[PDB]
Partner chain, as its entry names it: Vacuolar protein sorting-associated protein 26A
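Let's start with one chain on its own, the form solved without its partner chain, as C-alpha cells.
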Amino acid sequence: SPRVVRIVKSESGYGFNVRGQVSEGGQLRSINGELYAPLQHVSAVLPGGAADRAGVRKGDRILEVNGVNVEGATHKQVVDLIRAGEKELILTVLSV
C-alpha cells in the first residue's frame, strides 16, 4: 500500500539514492500485485541518515515526489523534482 514520507535535509543531505529508467513511459510492471507504468526506485539508504530515520527503505518504488505523480517518469524528471525544495522532500512510496 502506498504511504507518504516526509524527509528533512540534514548535513548528509537526504541520505538516499534513486535508480531508474532514462526514458518516459514504457512497459507496465506489477508491483506487489498491482500494475504500474515504470517507477524509479530507492537503490540505497544511508544508515542513520534522514531518509533512513523517516522510514525509507531500499527497493521502495517512487509514485509521487512533492505531490507530483511520477509514474512512468524519466530519471531526470524525478531528480529535478527531488531537488525542487530547498530543505524538505515529500515522497509517496510503495515498499516491496
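Throughout, rigid core stands for the largest set of C-alpha atoms superposing within 1.5 Å between the two forms. Residue numbers count along the first chain shown, from 1.
We do not show the form solved in complex with its partner chain, though everything after this point is about it.
- With a 4.5 Å cutoff on heavy atoms, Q27 counts as touching its partner chain in the entry with it bound.
- When contacts are judged by a 4.5 Å heavy atom cut-off, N69 does not count as touching its partner chain in the entry with it bound.
- In the entry with it bound, the residues of 28-47 lying within 4.5 Å of its partner chain by at least one heavy atom are, in order, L28, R29, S30, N32, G33, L35, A37.
- Only one entry in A44, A54, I31, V68 has its C-alpha moved by 2 angstroms or more between this form and the one not shown when the rigid core is superposed, and that entry is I31.
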